[PDB]
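What follows is one structure encoded as structure tokens, with my remarks underneath.
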Amino acid sequence: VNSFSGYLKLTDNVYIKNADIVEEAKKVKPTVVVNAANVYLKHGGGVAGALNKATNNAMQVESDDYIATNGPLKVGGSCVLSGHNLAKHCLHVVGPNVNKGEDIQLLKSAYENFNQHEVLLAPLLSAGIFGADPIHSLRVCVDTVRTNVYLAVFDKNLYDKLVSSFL
Ligand SMILES: CS(=O)(=O)c1c(F)cc(NC(=O)[C@H]2C[C@@H]2c2cccnc2)cc1F
Ligand SMILES: [Cl-]
């Protein structure tokens with residue numbers, strides 16, 4: 001039993017809700033919140049910009065030190081950093097950005113990072129400003145993630161379409 005509330009159950013391990021991931025994280029304080037990161041951990045907009053804003057820029061400060069030490073992530077890769085006031089940990093995961101021409105096949109590799117964590121609060125990878133089809137992202141999530149994932153979808157219209165079209 002966990003504290004996630006109001007989710008629709010899609011499969012044995014995948015759950016979904018129309019919610020602002022920032023507000024959801026502040027309420028649940030999950031062990032892991034997933035960020036929709038880029039390879040530079042520049043949290044400018046989308047989910048990343050919102051999460052970072054909610055940390056009062058502490059996420060960005062920590063991220064800049066991470067990059068200075070380690071260099072950029074790979075597309076499809078991840079790193080674990082602090083969750084600040086939102087979660088114990090933040091798993092920064094880089095899905096392919098279609099608006100940069102990146103291989104959509106890397107979306108499966110990106111979701112594989114979730115399997116290293118027993119329970120996660122997450123957005124749909126490569127959705128939103130990353131330019132991929134969110135219906136496809138949900139399909140890859142369900143077919144790749146085996147651990148317990150709670151998906152927050154900000155847009156109510158999109159949430160209803162994802163549920164109604166789910167096979
Ligand atoms: C007062 S706060 O600082 O805690 C704070 C905050 F800075 C930002 C947000 N959410 C936002 O910006 C959503 C539009 C951002 C979004 C979410 C999910 C996917 N794509 C975009 C909520 C907060 F509660
Ligand atoms: Cl977004």
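Each chain in the structure tokens gets a letter, A, B and so on, in the order shown; residues start at 1 in every chain, and ligands are counted from 1 in the order they appear.
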Distance filter 8 Å around ligand 2, atoms: only C-alpha atoms and all ligand atoms, out as number ranges by chain: A: 45-47, 127-130
Hey, can you spit out that residue selection with N, CA and C atoms as an mmCIF file, in the first residue's frame?
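New file again_12.cif:
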```cif
data_model
loop_
_atom_site.group_PDB
_atom_site.id
_atom_site.type_symbol
_atom_site.label_atom_id
_atom_site.label_comp_id
_atom_site.auth_asym_id
_atom_site.auth_seq_id
_atom_site.Cartn_x
_atom_site.Cartn_y
_atom_site.Cartn_z
ATOM 1 N N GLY A 45 12.008 24.744 -19.150
ATOM 2 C CA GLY A 45 10.598 24.761 -19.482
ATOM 3 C C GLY A 45 10.023 23.364 -19.406
ATOM 4 N N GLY A 46 8.751 23.260 -19.767
ATOM 5 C CA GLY A 46 8.088 21.983 -19.644
ATOM 6 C C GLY A 46 8.075 21.515 -18.200
ATOM 7 N N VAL A 47 8.051 20.192 -18.032
ATOM 8 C CA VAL A 47 8.084 19.602 -16.698
ATOM 9 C C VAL A 47 9.333 20.045 -15.938
ATOM 10 N N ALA A 127 6.960 13.545 -24.158
ATOM 11 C CA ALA A 127 5.720 14.249 -24.448
ATOM 12 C C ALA A 127 5.926 15.756 -24.289
ATOM 13 N N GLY A 128 4.833 16.505 -24.427
ATOM 14 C CA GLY A 128 4.914 17.946 -24.261
ATOM 15 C C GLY A 128 5.894 18.550 -25.244
ATOM 16 N N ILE A 129 6.747 19.452 -24.742
ATOM 17 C CA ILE A 129 7.672 20.183 -25.603
ATOM 18 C C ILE A 129 8.763 19.309 -26.208
ATOM 19 N N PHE A 130 8.875 18.035 -25.797
ATOM 20 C CA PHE A 130 9.807 17.124 -26.455
ATOM 21 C C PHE A 130 9.260 16.565 -27.767
#
```
Among the residues of stretch 78-149 of chain A, find those DSSP assigns to alpha helix (DSSP H) from the backbone and print them as a PyMOL selection string. chain A and resi 106-112+134-144
DSSP on the backbone, strand (DSSP E or B) only: what residues of stretch 1-166 of chain A does that give? Format it as a VMD selection string. chain A and resid 8 to 9 14 to 18 32 to 36 78 to 82 89 to 93 119 to 122 148 to 153
Let me see if you get this right: every residue at most 8 Å from ligand 1, counting only C-alpha atoms and all ligand atoms, written as an MDAnalysis selection string. chainID A and resid 19:23 26 45:56 123 128 152:155
If you keep C-alpha atoms, can you produce a file of those selected residues as a compact mmCIF listing (two decimals), in the first residue's frame?
```txt
# COMPACT_ATOMS: atom_id res chain seq x y z
CA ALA A 19 -2.50 16.01 -12.23
CA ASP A 20 0.21 18.66 -12.02
CA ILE A 21 3.33 16.62 -11.21
CA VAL A 22 4.63 19.53 -9.10
CA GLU A 23 1.54 19.57 -6.89
CA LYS A 26 4.55 18.20 -2.97
CA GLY A 45 10.60 24.76 -19.48
CA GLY A 46 8.09 21.98 -19.64
CA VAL A 47 8.08 19.60 -16.70
CA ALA A 48 11.73 20.37 -15.91
CA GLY A 49 11.19 24.12 -15.74
CA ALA A 50 8.19 23.60 -13.46
CA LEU A 51 9.95 21.16 -11.13
CA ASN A 52 13.01 23.39 -10.90
CA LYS A 53 10.89 26.49 -10.19
CA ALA A 54 9.21 24.60 -7.34
CA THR A 55 12.68 23.99 -5.80
CA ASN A 56 13.48 27.73 -5.93
CA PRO A 123 5.52 12.31 -16.56
CA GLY A 128 4.91 17.95 -24.26
CA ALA A 152 0.86 12.48 -13.94
CA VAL A 153 -0.65 14.08 -17.05
CA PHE A 154 -1.06 17.85 -16.75
CA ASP A 155 -3.53 18.40 -19.59
```
Distance query residue A:96 at most 10 Å, only C-alpha atoms, self and fewer than 6 positions along chain excluded, as a count of residues only: 22
Give me, please, the distance in Å between atom CA of residue A:58 and atom CA of residue A:33, quoted to one decimal. 15.2 Å
Non-local contacts of residue A:42 (12 Å; only C-alpha atoms; under 6 positions in same chain excluded) as a PyMOL selection string: chain A and resi 35-36+48-52+57+59-67+72-73+92+94
Take the residues that were just selected and, keeping N, CA and C atoms, output them as a tab-separated table (two decimals), in the first residue's frame.
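Once written, result_30.tsv looks like this:
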```
chain	number	residue	atom	x	y	z
A	35	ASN	N	12.12	13.57	-13.60
A	35	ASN	CA	12.17	14.79	-14.39
A	35	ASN	C	12.37	14.47	-15.86
A	36	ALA	N	11.66	15.21	-16.71
A	36	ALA	CA	11.83	15.20	-18.16
A	36	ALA	C	13.03	16.08	-18.51
A	48	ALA	N	10.49	20.05	-16.60
A	48	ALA	CA	11.73	20.37	-15.91
A	48	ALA	C	11.71	21.80	-15.38
A	49	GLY	N	11.26	22.74	-16.20
A	49	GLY	CA	11.19	24.12	-15.74
A	49	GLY	C	10.26	24.27	-14.55
A	50	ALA	N	9.14	23.54	-14.57
A	50	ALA	CA	8.19	23.60	-13.46
A	50	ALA	C	8.75	22.97	-12.19
A	51	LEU	N	9.35	21.78	-12.30
A	51	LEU	CA	9.95	21.16	-11.13
A	51	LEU	C	11.04	22.05	-10.55
A	52	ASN	N	11.91	22.57	-11.40
A	52	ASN	CA	13.01	23.39	-10.90
A	52	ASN	C	12.49	24.65	-10.21
A	57	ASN	N	15.03	27.01	-7.69
A	57	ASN	CA	16.25	26.92	-8.49
A	57	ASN	C	17.32	26.04	-7.85
A	59	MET	N	17.35	22.82	-7.72
A	59	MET	CA	17.58	21.74	-8.67
A	59	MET	C	18.59	22.15	-9.74
A	60	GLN	N	18.46	23.37	-10.27
A	60	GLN	CA	19.39	23.85	-11.29
A	60	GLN	C	20.80	23.99	-10.74
A	61	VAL	N	20.94	24.55	-9.53
A	61	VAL	CA	22.26	24.72	-8.93
A	61	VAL	C	22.95	23.36	-8.77
A	62	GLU	N	22.22	22.38	-8.23
A	62	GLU	CA	22.77	21.04	-8.07
A	62	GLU	C	23.13	20.43	-9.42
A	63	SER	N	22.27	20.64	-10.42
A	63	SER	CA	22.48	20.08	-11.75
A	63	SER	C	23.72	20.68	-12.41
A	64	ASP	N	23.94	21.98	-12.25
A	64	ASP	CA	25.10	22.61	-12.87
A	64	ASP	C	26.39	22.03	-12.30
A	65	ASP	N	26.42	21.77	-11.00
A	65	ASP	CA	27.58	21.10	-10.40
A	65	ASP	C	27.74	19.69	-10.94
A	66	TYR	N	26.63	18.96	-11.10
A	66	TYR	CA	26.70	17.61	-11.67
A	66	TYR	C	27.33	17.63	-13.06
A	67	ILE	N	26.88	18.54	-13.92
A	67	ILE	CA	27.40	18.59	-15.29
A	67	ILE	C	28.85	19.03	-15.30
A	72	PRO	N	27.70	15.94	-19.94
A	72	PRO	CA	26.29	15.71	-20.26
A	72	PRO	C	25.88	14.25	-20.15
A	73	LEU	N	24.59	14.06	-19.91
A	73	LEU	CA	23.99	12.74	-20.01
A	73	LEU	C	23.92	12.32	-21.48
A	92	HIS	N	16.49	12.12	-13.13
A	92	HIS	CA	16.50	12.93	-14.34
A	92	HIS	C	16.67	11.99	-15.52
A	94	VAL	N	16.44	11.44	-19.74
A	94	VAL	CA	16.46	12.14	-21.02
A	94	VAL	C	15.75	11.28	-22.07
```
Let me make sure I understand: among A:121, A:80, A:8, A:87, which one has the smallest atom-to-atom distance to residue A:147 if we use only C-alpha atoms? A:121
Could you check the closest approach to residue A:160 for each of A:98, A:16, A:120, A:1 and tell me which residue wins, using only C-alpha atoms?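 Distance minimum relative to residue A:160 lands on A:16.
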Which residue is closest to residue A:85? Choose from A:116, A:133, A:100, A:28 and count only C-alpha atoms.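 Of the candidates, the smallest distance to residue A:85 is held by A:28.
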Taking only C-alpha atoms into account, name the residue in A:124, A:31, A:93, A:11 that is nearest to residue A:146.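 Of the candidates, the smallest distance to residue A:146 is held by A:11.
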Which one of A:142, A:122, A:79, A:34 sits closest to residue A:10 if you count only C-alpha atoms? A:142
